[PDB]
Amino acid sequence: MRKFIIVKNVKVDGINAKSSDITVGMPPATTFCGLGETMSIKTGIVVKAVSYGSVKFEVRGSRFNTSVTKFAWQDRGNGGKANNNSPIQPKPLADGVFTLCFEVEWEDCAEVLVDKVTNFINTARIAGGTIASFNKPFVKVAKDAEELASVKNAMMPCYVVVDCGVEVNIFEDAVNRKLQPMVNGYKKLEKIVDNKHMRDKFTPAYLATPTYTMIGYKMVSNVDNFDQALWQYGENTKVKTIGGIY
Amino acid sequence: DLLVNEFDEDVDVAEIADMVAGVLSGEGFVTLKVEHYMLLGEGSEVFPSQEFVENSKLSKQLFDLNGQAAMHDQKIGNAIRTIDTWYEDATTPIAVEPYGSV
Amino acid sequence: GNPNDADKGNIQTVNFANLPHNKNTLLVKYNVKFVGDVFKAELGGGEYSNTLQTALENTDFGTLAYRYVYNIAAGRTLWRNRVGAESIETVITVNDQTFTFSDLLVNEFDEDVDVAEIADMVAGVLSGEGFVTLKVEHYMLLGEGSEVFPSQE
Amino acid sequence: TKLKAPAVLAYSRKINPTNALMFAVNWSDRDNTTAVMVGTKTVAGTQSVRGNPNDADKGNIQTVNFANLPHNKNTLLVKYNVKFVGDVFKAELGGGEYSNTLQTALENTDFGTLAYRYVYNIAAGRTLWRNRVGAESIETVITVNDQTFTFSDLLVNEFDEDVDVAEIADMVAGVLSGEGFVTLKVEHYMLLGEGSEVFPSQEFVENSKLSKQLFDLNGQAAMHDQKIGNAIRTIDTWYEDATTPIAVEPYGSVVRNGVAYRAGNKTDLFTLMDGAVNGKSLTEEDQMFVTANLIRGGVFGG
Amino acid sequence: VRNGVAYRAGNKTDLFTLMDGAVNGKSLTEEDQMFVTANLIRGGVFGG
Amino acid sequence: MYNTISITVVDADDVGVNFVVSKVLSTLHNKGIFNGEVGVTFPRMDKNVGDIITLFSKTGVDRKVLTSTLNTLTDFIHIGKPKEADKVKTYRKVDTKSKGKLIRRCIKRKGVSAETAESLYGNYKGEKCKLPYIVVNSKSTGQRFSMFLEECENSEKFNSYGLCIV
RNA sequence: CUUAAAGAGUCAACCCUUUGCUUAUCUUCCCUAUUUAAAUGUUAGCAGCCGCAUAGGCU
């Protein structure tokens, strides 16, 4: 018996927009699907799928150039090189109002799930962002598509994200169809021989390259299937959709 | 009314100091919603944060939320960060930087 | 079919006209101007109204004038003030000869000489030229302070 | 088969009461009619409306209308006319083939009891819908076609049996079935008191002018013609409870209580009438309701 | 308007038929002719 | 011991029931009874009482008095039977005034020269109107002014409208 | 367990000088607003002071 928990109108601030060197703005679906593993490890509630919209979104900067804060001098080897401003490499940030849906199985009363996601919101960060204000979470129960439409009518207004798929490759598809790409998976390239520079020192580490896909921004009152809008872990080191390609 | 340059002890601020020092000493979270009110004058000029941009149309651009004036969050965090009066020949508080350079 | 809200009240303000309770007879005053040259078109013409003129040269204007001032004479010109009337006396002043009509039938067109005396000259106007202005007064016994029905808006 | 009522169907009113005029007379001397006037007098100070902290202290000058008899007269006169109009079944909008089956379905209707109830509502003084309260005796005089009849005291709800009411009934039912019309002038004398309280029909106030203004005719107190016509038709004793007389109405709805006595239980006029039209049987209880509602007229269509 | 049914329309006796026929040249009785002049004396708009 | 009787207002939907009760109370106010005698009781004070008014008449109940004072209103009033019971209660009228009423109270005495001491009370007092039971009644001296009612305790001193103090 | 980890974008400004909207013009003909309503609910404190009035009384 599946359960849905909803984070509505969460104000994210300081979220770095650089999903890749070629996609900037929204963080990839790896971020919001790893949020589920973050509450699966930090809290313990098993999250199987995730979906997200956007009440508002804006990347910090002007119309053709969005850009980056003056960097600090937080490196060793720059002793006399501190009076100058910074070495500045691009890292644009954003701010947005989001809606989040998590697929969880609880097998317990709903008065614990709300507090157990509330105290996790206050300690986690949304891709480097800072939560300012967020509505109180509530638990939704749906057993069919008719009761899943009750979940559909309550996110009004938002702009949800559905998969769209690539025709041949990235920028060609971005041109002729005028759609939006974003990263949906990672391809292993080479294994680092030494683990003394890792943050875990036990798990083997491989270099990765971002694999992209096309999506669609849709009105939440006009989507046929929510499972077309949910996202989850895939294979290998990829994400996908329950409902497949729209 | 508080003096920004000089850190003066008073009883109203020490309770917030202890209530965030308890979270700082151990583990947890504490969130404070802060509002500021200023009598500036009838139709005065305000100063939001300016963006880092080489914008071809706007020379000096102020930060916006769909047109509403707004500051940067790290602009705020720089001022909360600004505590350092422990460097040599200290006269004014500066931001916490590992080389003590603003 | 609105049963559900039968209870629901309906409050509005309406206009009303009533005879004052010192008098008991309704007088309706008007004028009728039968204007001659009845076949010319204000817009359009000729070559379509002229063949209508030569097609309607032999019309029976006496019968139409009889019906036209009988609708005056029968007192059909009110449609609701006749409801509950003892007697509807209608007097006509045309070129200083006053005629009076006490009781005439409404739907069946009667045969009398008082209405026909108006009709024989009115058909002369509506067959030829000029005009005739005839002032009509209706005196009706509805009742003391009775209810009267003008045109709504 | 199974034909339908027309969407636009209206029936002209067969009962025309004039809007009554109020006068101040004596019991010893009936003739000297002194007109009861209205008076706009100030009531200021009443307040405490919703969500009002400091604004519920305003003294609103509201010259509301009061009405009193002058202190030299001690009798209220209510003067009006009732015009019962014959040819009581014809439809001004709509027809035929739906009112003609109503002719062949309601040809055998008992107009005598309806007429006697209509004139007994006069005889009881029902019309005065307040002025009766605080009255020692309500003398009702009806002059019709030069024979004046008087009524000293009669019950208002339980319909009595007498011959003075039945005499007017026998010639009103002849009108209200055949044709023509009959106009009867009606005067009501009641002892209310020396300079008593008199209650005409009230009115809708504007946006902000007063609180309660009355109904006036050249600065003289008067009650509404439909206020008389409402208590004319207080005949509905045939719904399946509550034997008090009710105004006859297609839903049996009074607004002072807010409950409809013919709605929801199939006894709404429309059905009775339409079923009658098609060809179901009727009793004397329900057919009399159709013709009593049809005397009043209104809109029956949609 | 009140009964909601037309009496001369529906049976091609609407004015516009019998003045066009009289203009074109077909014969008329006294019943139909006096309809045309009884309506012409009323006046209106006859065109479209 | 009270030995209460009851009075009803039968079939007053078209005229307003508590209006007939107001007329009944006004007619017994100015004629004969209710000049300091034993009292009366409205037993159902919850949202516009309506029908039943109980008069106990501890010093005997007279059948002829109930008809000699209500002979004018026989069409609406049905006379109840005596009941051997001591359970009913007596109530009091409270009095509320408007702002201008206390303005005239302080203009009558305690000293105003022309307007200056009037202006010191020109600020509002705070006396509003609440709404438990405000029942209309005719007045020979006033102008049909409606009594504010409230529930109180036994006092054994009664007036033409309500309770007294002693 | 998030392209995780993190950063002051600050400042200054004279837009302004000048202007002919002119010339005419047929809205126009014809019409059934209508039929019936409970103003419910005023069941709302006034000439008043016996009254420190914001506690309790009387016509």
# chains A, B, ... in the order shown; residues from 1 in each chain; ligands from 1
>>> closest_atom_pairs(of="chain D", to="chain F", cutoff="9 Å", atoms="only C-alpha atoms", output="JSON lines")
{"residue": "D:44", "atom": "CA", "partner": "F:98", "partner_atom": "CA", "distance": 8.8}
{"residue": "D:45", "atom": "CA", "partner": "F:98", "partner_atom": "CA", "distance": 5.9}
{"residue": "D:46", "atom": "CA", "partner": "F:98", "partner_atom": "CA", "distance": 7.7}
{"residue": "D:47", "atom": "CA", "partner": "F:128", "partner_atom": "CA", "distance": 7.3}
{"residue": "D:48", "atom": "CA", "partner": "F:128", "partner_atom": "CA", "distance": 6.6}
{"residue": "D:56", "atom": "CA", "partner": "F:128", "partner_atom": "CA", "distance": 8.3}
{"residue": "D:57", "atom": "CA", "partner": "F:124", "partner_atom": "CA", "distance": 7.3}
{"residue": "D:59", "atom": "CA", "partner": "F:99", "partner_atom": "CA", "distance": 8.5}
{"residue": "D:129", "atom": "CA", "partner": "F:15", "partner_atom": "CA", "distance": 5.7}
{"residue": "D:130", "atom": "CA", "partner": "F:15", "partner_atom": "CA", "distance": 5.7}
{"residue": "D:132", "atom": "CA", "partner": "F:15", "partner_atom": "CA", "distance": 8.9}
{"residue": "D:133", "atom": "CA", "partner": "F:20", "partner_atom": "CA", "distance": 6.6}
{"residue": "D:134", "atom": "CA", "partner": "F:23", "partner_atom": "CA", "distance": 6.3}
{"residue": "D:135", "atom": "CA", "partner": "F:72", "partner_atom": "CA", "distance": 5.8}
{"residue": "D:136", "atom": "CA", "partner": "F:72", "partner_atom": "CA", "distance": 4.4}
{"residue": "D:137", "atom": "CA", "partner": "F:72", "partner_atom": "CA", "distance": 7.0}
{"residue": "D:154", "atom": "CA", "partner": "F:75", "partner_atom": "CA", "distance": 8.9}
{"residue": "D:155", "atom": "CA", "partner": "F:75", "partner_atom": "CA", "distance": 6.4}
{"residue": "D:156", "atom": "CA", "partner": "F:75", "partner_atom": "CA", "distance": 6.8}
{"residue": "D:157", "atom": "CA", "partner": "F:75", "partner_atom": "CA", "distance": 8.2}
{"residue": "D:197", "atom": "CA", "partner": "F:144", "partner_atom": "CA", "distance": 8.7}
{"residue": "D:244", "atom": "CA", "partner": "F:11", "partner_atom": "CA", "distance": 6.7}
{"residue": "D:246", "atom": "CA", "partner": "F:14", "partner_atom": "CA", "distance": 8.7}
{"residue": "D:254", "atom": "CA", "partner": "F:14", "partner_atom": "CA", "distance": 8.9}
{"residue": "D:256", "atom": "CA", "partner": "F:13", "partner_atom": "CA", "distance": 7.4}
{"residue": "D:257", "atom": "CA", "partner": "F:13", "partner_atom": "CA", "distance": 7.4}
>>> residues_around(residues="range 41-56 of chain F", least_positions_apart="6", cutoff="6 Å", atoms="only C-alpha atoms (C1' of nucleotides)", output="list in words")
residues 2, 3, 4, 5, 6, 7, 8, 9, 17, 18 and 90 of chain F
>>> interface_residues(of="chain C", to="chain E", cutoff="8 Å", atoms="only C-alpha atoms", output="PDB file with C-alpha atoms, in the first residue's frame")
ATOM      1  CA  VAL C  38     -48.852  55.632 -47.603  1.00  0.00           C
ATOM      2  CA  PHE C  39     -47.114  53.975 -50.562  1.00  0.00           C
ATOM      3  CA  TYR C  48     -39.918  48.337 -57.044  1.00  0.00           C
ATOM      4  CA  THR C  51     -44.835  48.479 -59.505  1.00  0.00           C
ATOM      5  CA  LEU C  52     -46.175  47.975 -55.976  1.00  0.00           C
ATOM      6  CA  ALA C  55     -50.172  46.661 -58.194  1.00  0.00           C
ATOM      7  CA  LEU C  56     -51.991  48.130 -55.163  1.00  0.00           C
ATOM      8  CA  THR C  59     -57.103  48.383 -52.774  1.00  0.00           C
ATOM      9  CA  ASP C  60     -60.147  48.421 -50.484  1.00  0.00           C
ATOM     10  CA  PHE C  61     -59.106  51.152 -48.053  1.00  0.00           C
ATOM     11  CA  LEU C  64     -59.053  48.698 -43.609  1.00  0.00           C
TER      12      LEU C  64
END
>>> residues_around(residues="residue 97 in chain B", least_positions_apart="2", cutoff="8 Å", atoms="only C-alpha atoms (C1' of nucleotides)", output="VMD selection string")
(chain A and resid 72 to 74) or (chain B and resid 95 99 to 102)
>>> closest_atom_pairs(of="chain B", to="chain G", cutoff="12 Å", atoms="only C-alpha atoms (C1' of nucleotides)", output="Markdown table")
| residue | atom | partner | partner_atom | distance |
| --- | --- | --- | --- | --- |
| B:47 | CA | G:10 | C1' | 10.9 |
| B:48 | CA | G:10 | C1' | 11.3 |
| B:49 | CA | G:9 | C1' | 8.2 |
| B:50 | CA | G:9 | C1' | 6.1 |
| B:51 | CA | G:9 | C1' | 6.0 |
| B:52 | CA | G:9 | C1' | 5.0 |
| B:53 | CA | G:9 | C1' | 8.3 |
| B:54 | CA | G:9 | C1' | 10.8 |
| B:59 | CA | G:11 | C1' | 11.5 |
| B:60 | CA | G:11 | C1' | 9.5 |
| B:61 | CA | G:9 | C1' | 10.2 |
| B:62 | CA | G:9 | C1' | 10.5 |
| B:63 | CA | G:9 | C1' | 11.2 |
| B:71 | CA | G:8 | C1' | 10.6 |
| B:72 | CA | G:8 | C1' | 8.9 |
| B:73 | CA | G:8 | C1' | 10.2 |
| B:74 | CA | G:8 | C1' | 7.5 |
| B:75 | CA | G:8 | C1' | 5.2 |
| B:76 | CA | G:8 | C1' | 8.5 |
| B:77 | CA | G:8 | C1' | 9.1 |
| B:78 | CA | G:8 | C1' | 6.4 |
| B:79 | CA | G:8 | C1' | 8.3 |
| B:80 | CA | G:8 | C1' | 11.5 |
| B:81 | CA | G:8 | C1' | 10.8 |
| B:82 | CA | G:8 | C1' | 10.5 |
| B:94 | CA | G:8 | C1' | 11.3 |
| B:95 | CA | G:8 | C1' | 9.4 |
| B:96 | CA | G:7 | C1' | 10.8 |
| B:97 | CA | G:7 | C1' | 9.5 |
| B:98 | CA | G:7 | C1' | 11.7 |
| B:102 | CA | G:8 | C1' | 9.0 |
>>> write_last_selection(atoms="N, CA and C atoms", output="short mmCIF file (atom, residue, chain, number, x, y, z; two decimals), in the first residue's frame")
data_model
loop_
_atom_site.label_atom_id
_atom_site.label_comp_id
_atom_site.auth_asym_id
_atom_site.auth_seq_id
_atom_site.Cartn_x
_atom_site.Cartn_y
_atom_site.Cartn_z
N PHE B 47 18.79 49.90 -1.46
CA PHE B 47 19.96 49.31 -2.11
C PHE B 47 19.94 47.80 -1.99
N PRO B 48 19.32 47.11 -2.96
CA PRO B 48 19.43 45.65 -3.02
C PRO B 48 20.81 45.19 -3.47
N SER B 49 21.01 43.88 -3.56
CA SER B 49 22.28 43.36 -4.05
C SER B 49 22.37 43.54 -5.56
N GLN B 50 23.59 43.82 -6.02
CA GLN B 50 23.87 43.99 -7.43
C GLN B 50 24.46 42.69 -7.96
N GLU B 51 24.11 42.33 -9.19
CA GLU B 51 24.59 41.06 -9.73
C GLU B 51 25.97 41.21 -10.36
N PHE B 52 26.73 40.13 -10.27
CA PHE B 52 27.93 39.94 -11.09
C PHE B 52 27.48 39.57 -12.50
N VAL B 53 27.61 40.52 -13.41
CA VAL B 53 27.21 40.32 -14.80
C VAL B 53 27.93 41.33 -15.69
N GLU B 54 28.31 40.90 -16.89
CA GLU B 54 28.64 41.82 -17.97
C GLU B 54 27.44 41.97 -18.91
N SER B 59 23.76 48.48 -17.06
CA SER B 59 25.08 48.68 -16.47
C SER B 59 25.12 48.20 -15.03
N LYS B 60 24.26 48.74 -14.18
CA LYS B 60 24.14 48.35 -12.79
C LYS B 60 22.76 47.73 -12.59
N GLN B 61 22.72 46.43 -12.35
CA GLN B 61 21.47 45.70 -12.23
C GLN B 61 21.28 45.25 -10.79
N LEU B 62 20.11 45.55 -10.24
CA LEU B 62 19.75 45.14 -8.89
C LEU B 62 19.00 43.81 -8.94
N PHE B 63 19.18 43.01 -7.90
CA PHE B 63 18.67 41.64 -7.89
C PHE B 63 17.16 41.63 -7.72
N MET B 71 18.02 40.92 -1.86
CA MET B 71 19.46 40.83 -1.66
C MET B 71 19.92 39.39 -1.88
N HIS B 72 21.23 39.21 -1.92
CA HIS B 72 21.79 37.87 -2.00
C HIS B 72 21.81 37.24 -0.61
N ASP B 73 21.63 35.92 -0.56
CA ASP B 73 21.68 35.22 0.72
C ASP B 73 23.10 35.21 1.28
N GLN B 74 24.09 35.10 0.41
CA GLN B 74 25.47 35.10 0.86
C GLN B 74 25.96 36.51 1.17
N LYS B 75 25.27 37.53 0.66
CA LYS B 75 25.48 38.89 1.16
C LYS B 75 25.09 38.99 2.63
N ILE B 76 23.98 38.35 3.01
CA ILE B 76 23.58 38.29 4.41
C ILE B 76 24.60 37.48 5.21
N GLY B 77 24.96 36.30 4.70
CA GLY B 77 25.90 35.42 5.38
C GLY B 77 27.30 35.97 5.51
N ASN B 78 27.68 36.92 4.66
CA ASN B 78 28.92 37.65 4.83
C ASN B 78 28.89 38.57 6.03
N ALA B 79 27.74 39.21 6.28
CA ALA B 79 27.64 40.11 7.42
C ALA B 79 27.52 39.35 8.73
N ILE B 80 26.79 38.23 8.72
CA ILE B 80 26.81 37.36 9.90
C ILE B 80 28.19 36.74 10.09
N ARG B 81 28.89 36.47 8.99
CA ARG B 81 30.26 35.98 9.05
C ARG B 81 31.23 37.04 9.58
N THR B 82 30.92 38.32 9.40
CA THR B 82 31.83 39.42 9.74
C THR B 82 31.93 39.56 11.26
N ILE B 94 36.07 42.27 10.36
CA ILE B 94 36.14 41.83 8.97
C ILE B 94 35.55 40.43 8.87
N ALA B 95 35.28 40.02 7.63
CA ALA B 95 34.72 38.70 7.36
C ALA B 95 35.73 37.60 7.66
N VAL B 96 35.20 36.44 8.04
CA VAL B 96 36.02 35.25 8.26
C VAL B 96 36.54 34.75 6.92
N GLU B 97 37.83 34.93 6.70
CA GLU B 97 38.53 34.47 5.53
C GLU B 97 39.80 33.79 6.01
N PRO B 98 40.18 32.64 5.44
CA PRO B 98 41.38 31.92 5.93
C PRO B 98 42.69 32.69 5.82
N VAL B 102 39.77 40.91 3.08
CA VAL B 102 38.54 41.30 2.42
C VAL B 102 38.93 41.91 1.08
#
>>> atom_distance(atom1="CA of residue 59 in chain A", atom2="CA of residue 239 in chain A")
24.4 Å
>>> atom_distance(atom1="CA of residue 19 in chain A", atom2="CA of residue 157 in chain A")
25.1 Å
>>> interface_residues(of="chain E", to="chain D", cutoff="8 Å", atoms="only C-alpha atoms", output="PyMOL selection string")
chain E and resi 2-4
>>> residues_around(residues="residue 143 in chain D", least_positions_apart="3", cutoff="9 Å", atoms="only C-alpha atoms (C1' of nucleotides)", output="list in words")
residues 146, 147, 148, 149, 150, 183, 184, 185, 186 and 187 of chain D
>>> write_last_selection(atoms="N, CA, C and O atoms", output="PDB file, in the first residue's frame")
ATOM      1  N   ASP D 146     -75.048  47.320  -4.725  1.00  0.00           N
ATOM      2  CA  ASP D 146     -76.081  47.967  -3.906  1.00  0.00           C
ATOM      3  C   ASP D 146     -76.832  46.971  -3.016  1.00  0.00           C
ATOM      4  O   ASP D 146     -78.063  46.901  -3.024  1.00  0.00           O
ATOM      5  N   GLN D 147     -76.070  46.193  -2.237  1.00  0.00           N
ATOM      6  CA  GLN D 147     -76.611  45.502  -1.062  1.00  0.00           C
ATOM      7  C   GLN D 147     -75.466  45.345  -0.061  1.00  0.00           C
ATOM      8  O   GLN D 147     -74.613  44.467  -0.217  1.00  0.00           O
ATOM      9  N   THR D 148     -75.461  46.201   0.958  1.00  0.00           N
ATOM     10  CA  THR D 148     -74.369  46.229   1.924  1.00  0.00           C
ATOM     11  C   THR D 148     -74.590  45.185   3.014  1.00  0.00           C
ATOM     12  O   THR D 148     -75.671  45.110   3.608  1.00  0.00           O
ATOM     13  N   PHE D 149     -73.562  44.382   3.275  1.00  0.00           N
ATOM     14  CA  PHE D 149     -73.576  43.350   4.300  1.00  0.00           C
ATOM     15  C   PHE D 149     -72.522  43.653   5.356  1.00  0.00           C
ATOM     16  O   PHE D 149     -71.472  44.233   5.070  1.00  0.00           O
ATOM     17  N   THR D 150     -72.815  43.249   6.590  1.00  0.00           N
ATOM     18  CA  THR D 150     -71.937  43.556   7.709  1.00  0.00           C
ATOM     19  C   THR D 150     -71.559  42.273   8.436  1.00  0.00           C
ATOM     20  O   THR D 150     -72.294  41.281   8.411  1.00  0.00           O
ATOM     21  N   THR D 183     -67.213  43.683  -8.548  1.00  0.00           N
ATOM     22  CA  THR D 183     -66.379  44.529  -7.703  1.00  0.00           C
ATOM     23  C   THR D 183     -67.115  44.781  -6.398  1.00  0.00           C
ATOM     24  O   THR D 183     -68.250  45.270  -6.408  1.00  0.00           O
ATOM     25  N   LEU D 184     -66.477  44.449  -5.280  1.00  0.00           N
ATOM     26  CA  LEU D 184     -67.060  44.688  -3.967  1.00  0.00           C
ATOM     27  C   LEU D 184     -66.130  45.589  -3.167  1.00  0.00           C
ATOM     28  O   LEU D 184     -64.915  45.360  -3.125  1.00  0.00           O
ATOM     29  N   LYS D 185     -66.697  46.637  -2.570  1.00  0.00           N
ATOM     30  CA  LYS D 185     -65.937  47.569  -1.749  1.00  0.00           C
ATOM     31  C   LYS D 185     -65.985  47.089  -0.308  1.00  0.00           C
ATOM     32  O   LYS D 185     -67.041  46.663   0.172  1.00  0.00           O
ATOM     33  N   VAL D 186     -64.848  47.150   0.379  1.00  0.00           N
ATOM     34  CA  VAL D 186     -64.690  46.544   1.693  1.00  0.00           C
ATOM     35  C   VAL D 186     -64.088  47.577   2.638  1.00  0.00           C
ATOM     36  O   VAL D 186     -63.064  48.205   2.320  1.00  0.00           O
ATOM     37  N   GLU D 187     -64.736  47.764   3.790  1.00  0.00           N
ATOM     38  CA  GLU D 187     -64.251  48.635   4.855  1.00  0.00           C
ATOM     39  C   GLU D 187     -64.138  47.836   6.148  1.00  0.00           C
ATOM     40  O   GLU D 187     -65.017  47.026   6.465  1.00  0.00           O
TER      41      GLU D 187
END
>>> closest_atom_pairs(of="chain G", to="chain C", cutoff="8 Å", atoms="only C-alpha atoms (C1' of nucleotides)", output="Markdown table")
| residue | atom | partner | partner_atom | distance |
| --- | --- | --- | --- | --- |
| G:29 | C1' | C:42 | CA | 7.3 |
| G:33 | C1' | C:153 | CA | 5.7 |
| G:34 | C1' | C:152 | CA | 7.9 |
| G:39 | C1' | C:11 | CA | 6.6 |
| G:40 | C1' | C:9 | CA | 7.5 |
>>> write_last_selection(atoms="N, CA, C and O atoms (P, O5', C5', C4', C3', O3' and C1' of nucleotides)", output="PDB file, in the first residue's frame")
ATOM      1  P     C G  29     -35.761  58.571 -39.131  1.00  0.00           P
ATOM      2  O5'   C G  29     -37.127  57.805 -39.387  1.00  0.00           O
ATOM      3  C5'   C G  29     -37.264  56.453 -38.982  1.00  0.00           C
ATOM      4  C4'   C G  29     -37.251  55.522 -40.164  1.00  0.00           C
ATOM      5  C3'   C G  29     -37.960  54.199 -39.972  1.00  0.00           C
ATOM      6  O3'   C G  29     -39.355  54.325 -40.114  1.00  0.00           O
ATOM      7  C1'   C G  29     -35.884  53.836 -41.035  1.00  0.00           C
ATOM      8  P     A G  33     -43.578  47.380 -26.001  1.00  0.00           P
ATOM      9  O5'   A G  33     -42.360  46.961 -25.060  1.00  0.00           O
ATOM     10  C5'   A G  33     -42.487  46.906 -23.627  1.00  0.00           C
ATOM     11  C4'   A G  33     -42.940  45.530 -23.200  1.00  0.00           C
ATOM     12  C3'   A G  33     -43.651  45.451 -21.848  1.00  0.00           C
ATOM     13  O3'   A G  33     -44.633  44.418 -21.890  1.00  0.00           O
ATOM     14  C1'   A G  33     -41.883  43.926 -21.883  1.00  0.00           C
ATOM     15  P     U G  34     -46.240  44.738 -21.972  1.00  0.00           P
ATOM     16  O5'   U G  34     -46.978  43.382 -21.593  1.00  0.00           O
ATOM     17  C5'   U G  34     -46.301  42.139 -21.756  1.00  0.00           C
ATOM     18  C4'   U G  34     -46.513  41.216 -20.582  1.00  0.00           C
ATOM     19  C3'   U G  34     -46.707  41.903 -19.230  1.00  0.00           C
ATOM     20  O3'   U G  34     -47.586  41.120 -18.431  1.00  0.00           O
ATOM     21  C1'   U G  34     -44.861  40.455 -19.111  1.00  0.00           C
ATOM     22  P     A G  39     -45.774  42.475   0.329  1.00  0.00           P
ATOM     23  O5'   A G  39     -44.950  43.607   1.090  1.00  0.00           O
ATOM     24  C5'   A G  39     -43.538  43.719   0.934  1.00  0.00           C
ATOM     25  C4'   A G  39     -42.828  42.645   1.710  1.00  0.00           C
ATOM     26  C3'   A G  39     -43.061  42.666   3.225  1.00  0.00           C
ATOM     27  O3'   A G  39     -43.228  41.327   3.697  1.00  0.00           O
ATOM     28  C1'   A G  39     -40.757  42.659   2.769  1.00  0.00           C
ATOM     29  P     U G  40     -43.954  40.953   5.135  1.00  0.00           P
ATOM     30  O5'   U G  40     -42.730  40.823   6.145  1.00  0.00           O
ATOM     31  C5'   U G  40     -42.712  39.785   7.137  1.00  0.00           C
ATOM     32  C4'   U G  40     -41.848  38.634   6.680  1.00  0.00           C
ATOM     33  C3'   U G  40     -40.920  38.075   7.743  1.00  0.00           C
ATOM     34  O3'   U G  40     -41.568  37.077   8.522  1.00  0.00           O
ATOM     35  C1'   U G  40     -39.690  38.488   5.757  1.00  0.00           C
TER      36        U G  40
END
>>> select_by_dssp(residues="range 27-243 of chain A", states="helix (DSSP H, G or I)", output="VMD selection string")
chain A and resid 29 to 42 110 to 121 145 to 154 170 to 176 220 to 222
>>> write_last_selection(atoms="C-alpha atoms", output="short mmCIF file (atom, residue, chain, number, x, y, z; two decimals), in the first residue's frame")
data_model
loop_
_atom_site.label_atom_id
_atom_site.label_comp_id
_atom_site.auth_asym_id
_atom_site.auth_seq_id
_atom_site.Cartn_x
_atom_site.Cartn_y
_atom_site.Cartn_z
CA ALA A 29 17.07 14.32 -11.70
CA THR A 30 20.07 12.67 -10.02
CA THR A 31 19.80 15.38 -7.33
CA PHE A 32 16.12 14.90 -6.58
CA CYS A 33 16.37 11.10 -6.82
CA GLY A 34 19.36 11.12 -4.48
CA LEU A 35 17.29 13.16 -2.04
CA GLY A 36 15.30 9.95 -1.61
CA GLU A 37 18.45 8.01 -0.77
CA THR A 38 19.44 10.87 1.56
CA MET A 39 16.30 10.37 3.62
CA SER A 40 16.67 6.60 3.24
CA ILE A 41 20.11 6.72 4.87
CA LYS A 42 19.85 9.70 7.25
CA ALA A 110 0.66 9.23 9.44
CA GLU A 111 1.37 11.48 12.46
CA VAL A 112 5.00 10.30 12.52
CA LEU A 113 5.85 10.64 8.79
CA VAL A 114 5.11 14.38 8.75
CA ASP A 115 7.42 15.14 11.68
CA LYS A 116 10.02 12.66 10.40
CA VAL A 117 10.26 14.48 7.08
CA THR A 118 9.98 17.88 8.81
CA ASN A 119 13.09 17.42 10.94
CA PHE A 120 14.94 16.12 7.86
CA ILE A 121 13.99 19.20 5.81
CA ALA A 145 -5.60 6.04 -11.15
CA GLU A 146 -8.85 7.60 -9.89
CA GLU A 147 -7.34 8.21 -6.44
CA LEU A 148 -4.05 9.17 -8.10
CA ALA A 149 -6.01 11.97 -9.80
CA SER A 150 -6.76 13.29 -6.30
CA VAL A 151 -2.99 13.69 -6.01
CA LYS A 152 -3.09 15.34 -9.45
CA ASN A 153 -5.63 18.02 -8.52
CA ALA A 154 -3.88 19.18 -5.32
CA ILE A 170 21.38 16.31 -27.87
CA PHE A 171 21.78 19.69 -29.57
CA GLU A 172 20.11 18.68 -32.84
CA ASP A 173 17.01 17.64 -30.85
CA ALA A 174 17.30 20.86 -28.85
CA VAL A 175 17.17 22.80 -32.12
CA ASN A 176 14.48 21.26 -34.33
CA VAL A 220 -0.02 19.58 -13.40
CA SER A 221 -3.74 19.90 -14.17
CA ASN A 222 -3.14 18.50 -17.68
#
>>> select_by_dssp(residues="chain B", states="strand (DSSP E or B)", output="list in words")
residues 50, 62, 64, 65, 68, 69, 84 and 94 of chain B
